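The chain below stands alone, shown as structure tokens; this is the form deposited in one PDB entry.
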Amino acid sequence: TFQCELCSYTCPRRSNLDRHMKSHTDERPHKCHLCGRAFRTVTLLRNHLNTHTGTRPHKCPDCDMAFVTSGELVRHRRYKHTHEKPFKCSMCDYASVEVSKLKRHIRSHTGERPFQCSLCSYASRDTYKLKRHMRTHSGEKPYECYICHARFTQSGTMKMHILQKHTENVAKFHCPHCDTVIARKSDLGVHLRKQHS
């Protein structure tokens, strides 16, 4: 095989070896004109132009969804149709379509929290979980109830609000040991831990 010897890359073919050498140049000739982004190859620029237009030539056969690139279609089929999960955990039976989700799962086994909050001691196992935690410091309430226009910090909190205040005839939870009617399952658990040990 051929050896790049700059990043220790091996490739049996001679055309892909020369293509890999162009990866080190870090110069982007092809420039979009709608925006300022520049690209290395025409194929990436053409895909970028398709994202502007919304043109999605890669159409899934099993549903009415389409994607700009063939890679997105492959991931979609694994998520929705084939249910192939190539990346498997070595400590349990969990498997994921993508690497980052397996790595997120692995940090649950180990307890690693590599994403530190810059305002307090909190640290998360997910980058996006840190963003959600930031709303505790900024006081942001991105979600709004479409009925009473109340605002909430989490989407799931808003959904519970709609169920418990705008939905009629919702089954409630009855305490097994006393005649107490409780609307929320978690509040029933609190009631059991308080007046029933």
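Start at 1 and count along the sequence shown; that's the residue number. Here the rigid core means the biggest group of C-alpha atoms that line up within 1.5 Å when the two forms are laid on top of each other.
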request  = Identify the stretch, either 147-155 or 36-44, whose C-alpha atoms have the larger mean B-factor according to the entry.
outcome  = 36-44
ask   = On average, which has the higher Cα B-factor in the deposited entry, 103-111 or 116-124?
value = 116-124
ask   = Looking at the C-alpha B-factor of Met160, is it in the lowest, middle or highest third of its chain?
value = lowest
note = The third of the chain into which the C-alpha temperature factor of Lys141 falls is the middle
query = Is the Cα B-factor recorded for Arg184 in the lowest, middle or highest third of its chain?
reply = lowest
Modelled-residue ranking by C-alpha temperature factor, third containing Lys129 = middle
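Although not depicted, the form deposited in another entry is the subject of the following passage.
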query = Taking the rigid core as the frame, does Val170 move its C-alpha by 2 Å or more between the shown form and the other one?
reply = yes
